[PDB]
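For reference, the chain that follows is the form deposited in one PDB entry, supplied as structure tokens.
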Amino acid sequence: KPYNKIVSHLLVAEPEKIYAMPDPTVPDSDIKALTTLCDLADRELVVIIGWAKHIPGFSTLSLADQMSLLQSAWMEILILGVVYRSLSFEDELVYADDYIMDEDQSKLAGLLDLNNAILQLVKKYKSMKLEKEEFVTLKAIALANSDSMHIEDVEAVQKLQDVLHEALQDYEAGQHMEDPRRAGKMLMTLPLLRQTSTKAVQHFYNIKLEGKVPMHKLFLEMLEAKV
């Protein structure tokens, strides 16, 4: 009862920060902004795949089921990261330490509506005082609960959901006795995460189809996955 092992484990499994490194030789444009974001996402995806192996039971799934979960959840994981990094900021999104977007920049990149939705997620989590413990557990839950149409072992995936849900419940029962409904409140933030992710995916799929922004192999693979 010092607190949940799965939560502790997810905390130590947390990947190091990644830099966006916008090209200082390129003039600022919508194409620059979007090229930078997609490049950053491609590198994050590598780290996410590595991170997932630390989740209890994930590496025991078939490679196919592992990839199905990742192909469904990837954008929710990416978004939750930016959301968390942005918690101590106001009306700004911390994509990286060297890449913090305010309203004007979002307009320039054509991302005003998308970044406003992400800011809505930030707003909700701020008022809830989302902790790192909660963030890492929610990223794991979003992976397990990602609703892929293509799952082979449905029951094993449901088991993984249950293991991580239990970790959230246990953590909340021990750490937040003042609110016995905090775990459920955390789970009730997942629909807006799903909604914002669905919008981000279609948006960047549209950018992919327009052909003006170069994208790397892994990002494209994730983007080109079937719903």
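From 1 onward, residues are counted along the sequence shown.
Omitted here: the form deposited with a partner chain bound. The next part is about that form.
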property: Triple contact flag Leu34, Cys38 and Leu223 to the partner chain in the bound PDB entry, non-hydrogen atom at 4.5 angstroms; result: no
property: Contact of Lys217 with the partner chain in the bound PDB entry (heavy atom, 4.5 Å); result: yes
property: The partner chain contact at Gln175 in the bound PDB entry, heavy atom, 4.5 Å; result: no
property: Partner contact for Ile55 in the bound PDB entry: the partner chain, 4.5 angstroms, heavy atom; result: no
property: Any non-hydrogen atom of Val26 within 4.5 angstroms of the partner chain in the bound PDB entry; result: no
